[PDB]
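Q: Please find one structure pasted underneath; my questions will follow.
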Amino acid sequence: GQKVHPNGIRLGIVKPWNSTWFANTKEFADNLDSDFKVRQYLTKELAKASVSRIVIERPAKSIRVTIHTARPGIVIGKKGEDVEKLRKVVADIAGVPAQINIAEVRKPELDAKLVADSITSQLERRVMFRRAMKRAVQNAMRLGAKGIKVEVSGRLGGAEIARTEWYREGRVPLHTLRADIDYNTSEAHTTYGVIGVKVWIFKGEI
Amino acid sequence: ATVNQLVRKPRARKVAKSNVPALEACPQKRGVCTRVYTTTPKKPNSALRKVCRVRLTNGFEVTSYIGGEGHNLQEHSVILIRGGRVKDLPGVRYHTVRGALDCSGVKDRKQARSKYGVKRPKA
RNA sequence: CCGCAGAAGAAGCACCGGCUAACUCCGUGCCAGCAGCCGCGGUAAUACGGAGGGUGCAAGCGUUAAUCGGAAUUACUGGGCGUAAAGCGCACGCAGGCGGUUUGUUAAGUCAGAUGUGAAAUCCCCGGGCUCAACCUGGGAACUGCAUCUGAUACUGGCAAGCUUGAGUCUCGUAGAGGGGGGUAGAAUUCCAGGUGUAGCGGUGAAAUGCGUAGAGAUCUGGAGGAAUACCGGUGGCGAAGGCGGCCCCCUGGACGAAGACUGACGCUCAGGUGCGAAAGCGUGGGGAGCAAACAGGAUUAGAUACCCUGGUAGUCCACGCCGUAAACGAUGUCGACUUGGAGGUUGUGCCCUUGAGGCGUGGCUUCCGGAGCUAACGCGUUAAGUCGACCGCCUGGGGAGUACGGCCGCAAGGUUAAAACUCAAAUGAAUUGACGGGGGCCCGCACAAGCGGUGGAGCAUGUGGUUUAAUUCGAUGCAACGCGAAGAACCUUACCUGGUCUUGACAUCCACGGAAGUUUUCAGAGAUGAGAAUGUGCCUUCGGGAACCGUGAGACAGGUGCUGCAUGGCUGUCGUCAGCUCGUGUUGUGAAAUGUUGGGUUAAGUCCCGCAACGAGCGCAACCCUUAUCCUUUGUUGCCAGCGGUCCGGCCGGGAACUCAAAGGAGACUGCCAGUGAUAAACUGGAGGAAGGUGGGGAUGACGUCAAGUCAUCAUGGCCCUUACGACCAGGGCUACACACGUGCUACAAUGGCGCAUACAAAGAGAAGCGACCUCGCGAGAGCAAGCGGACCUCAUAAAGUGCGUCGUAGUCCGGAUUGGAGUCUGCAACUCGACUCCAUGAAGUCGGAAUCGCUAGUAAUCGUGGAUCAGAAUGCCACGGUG
RNA sequence: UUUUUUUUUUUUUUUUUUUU
RNA sequence: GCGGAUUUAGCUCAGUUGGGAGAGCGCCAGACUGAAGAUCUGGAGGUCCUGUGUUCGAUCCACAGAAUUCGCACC
RNA sequence: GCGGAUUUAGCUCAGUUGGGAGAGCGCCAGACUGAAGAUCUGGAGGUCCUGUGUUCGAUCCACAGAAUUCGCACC
């Protein structure tokens, strides 16, 4: 009956930031404003292998962009011509340069997010994804974790249908600010209305 | 849960209570139009519905509903009788399939097909 | 059948819930309407009613009149008796059912066969003729019974023989609250003949109508009446039930402990009836205590038509007899065989050196409560529901009923058959609720205490109702609402009354052609907006493209607190500082039961010793906190002054580090050791020692569980809004009346008061859309000069009490600001029919108000002040800490 | 097994679809 | 027609020297109830029929008049 | 071949041969109320089935057509 972030409340304790930067008194507004826009652009570039962690550092307002994706080799490009492009279009909004750094998602099966991006991809096939939903969780759980609970709310049937389903492939200590746990999301549609999946990945105890 | 109160109405929504007294033979019959009425103030403001009485030999007096469209259902006629006492009607315990004789019933209602017996329109 | 000529000539209705079966786009408002069990419609109707498509199926598709389906039910073939319904208080005998079980015998029924019936179309199987499905059929069989006979013998019945002794009558014993008539033993206490003490006896949530110098009982002595069973009486005895309480005489019930004798089933068990018959009426004449329905009132009165309490019959019981009859339930007869049993409660009795509380036995009367089974959950566990059975039964579903309509009986009322017109839709039982609950019980809180300060009547600041005004704006109506939201309803974040503009509108884009951006008055206009007159010309500089920055013209294109808690997440609450629940597994419970709360004890405490089939898994736990408060070092701060240095008398300026202060890092109080307490547990008291003490205080976090309560007026957003509109520009105004209340909030009723002159001490705060002293002009609201002051420097407090000396003399005043004569102001388009404050004249209610809405237990309400924001701004709202008390 | 401190308090409408 | 009661609180009605306006009840407040009645304590509720006169003073009385209303007159 | 009555607000119907209409039920509404009811108020509803002509003027009349209906001429 509660949804409860383990993440965000505990930045220094095994759960690092989505952004760590410093603006004084007057200079905060356009930084923050750009912090939605460069994020917007990056994820629609990355979606061909998603983005697990989207890490906006700002060493001097100018932006040390640090992007965890499953396949770097497609945003590197045929070697360097999309790394030019990105660094242009993420500096442009900010008015200041943006140093596009990659990282590789170290096996998508174990991740802070990519368990939700696997299940929400299936809703683009439009057929009965249920055949593949418990499966695609249990696969990723043979390659990592100790428990996971998964929730789907959305338009998942026909004509006027909106209902919500819940599933438990292991136990979940719900908040514990010491544990290795991750909370996260991802969002789909199916020509009728939203399908928004959420996760609690009890990876390990401490 | 005190069954004498509880049984009266409790959770069904068709609620089976129907009161259909009298027998003396069979329900599916011929019924003479005897004497017309349109009298009696009620809550359903029943308009143009001439609800008449029938000379059925059954141990008390009884009445019938007009059973379908077509305004002339005169006092000299003799139609067919059948069950279906809608909540609307006090006293009555039947309705009528009334296009026998000269009383006609459905006029040019193309939609009526197998429900009353009408022919095709312009395909 | 064989060539031409052409897919040519051949299909549709239910409808579409959900039943087998396909769904939406829309309508009309329990309209019209299907109405089979269900289900649909109560302005968002999946099939009502229209329509789009498609569906089941295709000479077919829905549906209809009846009745069994599924569903187990009139049961020789097929049965349920704790249930629907369900062994009927009760059995005198008349017929009837079962008649003890085997030998020698018998085959009528038993069963098998041989032979007859059922010519022909069966049911149930094959083979075929038409092209063939069908149709036309032929062939193969199976027919309980009944006939006529051959056998085979285990039952059914018999026949001859015998027994097992079911059944009784004698013989012989032994006791009780006796079926009916008899004899009748004994407290109280009325009210009297007279023996007395004087006023008080009954009765109650409180007392009453009688009564009392014509003496309230009581209490003796003398008498006249009515006639329970008080107990060796029971931790019991009998009895068909009922139903008696003392004991006895007679009729002498039942029995039933036994040497046996005599006959061999004369038997069990029953309907219609036979007797009996608790409540009650009929009596017919009375036997006529004490109590108590009615009777009769006094009384408690929202009506008592009452319960009291004295007074009060009937019930007490019943000679005698139609008595039906209901609660007399193993929710249950007749019973024999049943032989793991073992344990008591009782009765009679066989046997013991009866050294004995009964030892070894052993039936009866009764209860206890035991396997294999049977089996839900309680557990029932062989005489018990698991086997086996003789019937006299009841058992025909709702609602029709305990009911009548012929007459069997009855003294009439009724008993008793329990039929039936017709009608109609499921439930009786468990077991689980917990309704907010002047239960037993544990408690506890201004619930209540003891008590403190008051709110009230008249007058005042004021929002609904209601006056009806020209005309009226939402939602406010107990615990979940108060000063609305509004913390400024007369530019005001605009309701609303309007009028003046519009519907890409105020705000903001992507291309198309083009522009340099602005300062200053004059006249119009209520504002929006209108008509003129002058003054200006920026930065890159590819002279390209544009910037700052203004345009007109394109296509796309703009918006609003509109509430539902009910798609959901944050968030907040009063309940809550209870030591929470339910679960990963397990398993007794099919599941709502919590399943650790059970069984002993122990604490104020789910306190702590254990036990109990119960684990432990982590999010509440264990506690991190803020401010203290006392200090410890480093400190010295505009601070801040120990001890002296000058004094021109001001920490003034020399001059140094005790402590407040300011304060960062932090730190120290524990049953620590002393007496009493008891189990040297418990913990509770005082205290060593202290700046708190047994959370030391004050803030704080405020888990699940939180009312189907909110924040629906910033929330964050899923389902859904109006869009000629709920969208956005702009000047006016009027909310307050006044009968009515009613209160919230204000006060005025004089000395534990103030009034007049003079005297001793704190601070909580906010502070450049700032706060401002000294100082000038003052009757003062209020003008001016301006040092200063950014966080102990500037300033706004010079709290009010209190204290020393004077004045009234209890007096409507000297105090009451209700208020009304005039006078003035700080802003403003703006306050006047609209305020907010000032100077002098004054002076409406005034003199201690009842009833009955809760303040407030402690450093806490009387008492005693100062500040803040909204915002061009006046709240009495509220909001927070100090202090005589 | 003495258990009367006053008797009464209008209908609604809550009720988050559905096969499993 | 004469004589008479009567036009006194929502409701039943009391009342008069001839100077006050009453009560059971009803409403309302005070509270007790979340609420209301009871029961409570306080406030309030009047076409005194009209006119006229006596008179200190008329609700009252006498006189005149309306209007209900009652008995008897009527045969 | 007759010709007469009834038809009225959404229902029922009073009554109407010329001055063109009427009550309750039901409907909606200003509030109290989440919505209603207790208490407290407000609005209607039609030219009387209708159409051509009358007529200064129609439900009415002359006259035709509709609905409820009537017995007789009907064979």
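Where a number appears in this text, it was derived from the coordinates with a stated rule and is not lab data. Because the Cβ atoms are built from the backbone with ideal geometry, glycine has one as well, and the counts that use them run over all protein chains shown.
Q: If you check every pair at least six apart or on different chains, which have Cβ atoms under 9 Å apart with a residue in the stretch B:69-83 that is away from every other protein chain (no Cβ under 14 Å) and on the phi > 0 side of the Ramachandran plot first and a residue that is hydrophobic (A, V, I, L, M, F, W, C) and more than 12 Å from RNA strand F (Cβ to nearest atom) second?
A: Between residues of the stretch B:69-83 that are away from every other protein chain (no Cβ under 14 Å) and on the phi > 0 side of the Ramachandran plot and residues that are hydrophobic (A, V, I, L, M, F, W, C) and more than 12 Å from RNA strand F (Cβ to nearest atom), the close pairs are B:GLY70/B:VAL106.
Q: Run down B:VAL20, B:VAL36 and say which single residue is more than 14 Å from chain A (Cβ to nearest Cβ), farther than 22 Å from B:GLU69 by Cβ, of a type in the set (A, V, I, L, M, F, W, C) and surrounded by 10 or more Cβ atoms within 10 Å (Cβ to Cβ).
A: B:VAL20
Q: Name the single residue that is surrounded by the most Cβ atoms within 10 Å (Cβ to Cβ) among those in the stretch A:40-62 being under 15 Å from A:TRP17 (Cα atoms) and touching a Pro at 6+ places or on another chain (Cβ under 9 Å).
A: Here the residue is A:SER52.
Q: What is the residue count in the stretch B:39-53 for residues that are among the β-branched types (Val, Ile, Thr) and either within 14 Å of chain A (Cβ to nearest Cβ) or within 16 Å of B:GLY70 (Cβ to Cβ) (or both)?
A: The number of residues fulfilling the criteria is 1.
Q: Which ones in the stretch A:191-206 are surrounded by fewer than 17 Cβ atoms within 10 Å (Cβ to Cβ) and part of a loop (DSSP other than H, G, I, E, B)?
A: A:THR191, A:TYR192, A:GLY193, A:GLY204, A:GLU205, A:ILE206
Q: For the stretch B:90-110, check the following and say yes or no: at least one residue is free of Cβ contacts under 8 Å to residues at least 12 places away in the same chain and more than 10 Å from RNA strand C (Cβ to nearest atom).
A: Looking through the stretch B:90-110, at least one residue is free of Cβ contacts under 8 Å to residues at least 12 places away in the same chain and more than 10 Å from RNA strand C (Cβ to nearest atom).
Q: Please work out which residue is farthest from RNA strand D (Cβ to nearest atom), limiting yourself to the stretch A:171-195 and to residues that are within 19 Å of A:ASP117 (Cβ to Cβ) and among the small types (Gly, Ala, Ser).
A: A:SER186
Q: Taking only the stretch A:158-170 into account, find how many residues are surrounded by 11 or more Cβ atoms within 10 Å (Cβ to Cβ) and either more than 10 Å from RNA strand D (Cβ to nearest atom) or touching a residue at least 40 places away in the same chain (Cβ under 8 Å) (or both).
A: Residues flagged as surrounded by 11 or more Cβ atoms within 10 Å (Cβ to Cβ) and either more than 10 Å from RNA strand D (Cβ to nearest atom) or touching a residue at least 40 places away in the same chain (Cβ under 8 Å) (or both) within the stretch A:158-170 amount to 4.
Q: Let me ask something else. For the list (1) of a type outside the set (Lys, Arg); (2) within 19 Å of B:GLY105 (Cα to Cα); (3) assigned to a loop (DSSP other than H, G, I, E, B), I need the number of the one condition that B:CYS26 fails.
A: Against the list (1) of a type outside the set (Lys, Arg); (2) within 19 Å of B:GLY105 (Cα to Cα); (3) assigned to a loop (DSSP other than H, G, I, E, B), B:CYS26 comes up short only on (2).
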